[PDB]
């Protein structure tokens with residue numbers, strides 16, 4: 001509550017939360033095209049580990 | 001391939017027939033002991049190795 005009362009915004013979770021920014025992040029890395037791009041690559045898929053865990057949670061094939 | 005011409009009869013590949021006999025086997029139908037009823041069980045299993053490895057070698061599982 002006081003976290004929702006803290007924050008009156010809320011997000012569709014899981015990979016939705018995860019897969020959203022990496023693109024913009026890669027889109028950055030692609031655009032930023034520095035060696036900072038490399039973290040934004042290193043940043044990109046780190047979003048997806050709990051999805052992997054979510055894919056663990058369903059018990060399915062993650063790579064797919 | 002000559003067998004395809006050498007035999008006007010041919011029979012489906014790619015697993016189509018595989019799960020069928022296994023389904024049709026009805027292992028309990030052999031009731032005599034389990035001389036047959038058990039040996040038919042590894043049989044429907046041995047049948048499906050053809051889809052297995054193919055379902056195997058790709059993503060997912062074989063079974064999946």
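Numbers for the structure displayed
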quantity	calculated
222 nm mean residue ellipticity, helices alone, for chain B (DSSP H n ≥ 4; -39,500 (n - 2.57); rounded to 500)	-15500 deg cm²/dmol
Computed over chain B: relative contact order in percent, which uses C-alpha pairs under 8 Å that are six or more apart	28
Euclidean distance of C-alpha centroids, the range B:19-64 and the range A:1-52, integer Å	46
0 to 90° range, to nearest 10: angle between helix B:35-47 axis and chain B longest Cα axis	30
Label-to-label distance, nm, for residues given as residue B:20 and residue A:63 (7 Å Cα→Cβ offset)	3.2
Proxy reagent accessibility, fewest Cβ within 10 Å first, across B:26, A:50	B:26, A:50
Nearest-0.05 FRET efficiency for residue B:10 and residue B:37, computed from C-beta distance (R0 22 Å)	0.10
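In this analysis, Cβ positions are derived from the backbone assuming ideal geometry, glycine residues included, and neighbour counts consider all displayed protein chains. Where a number appears in this text, it was derived from the coordinates with a stated rule and is not lab data.
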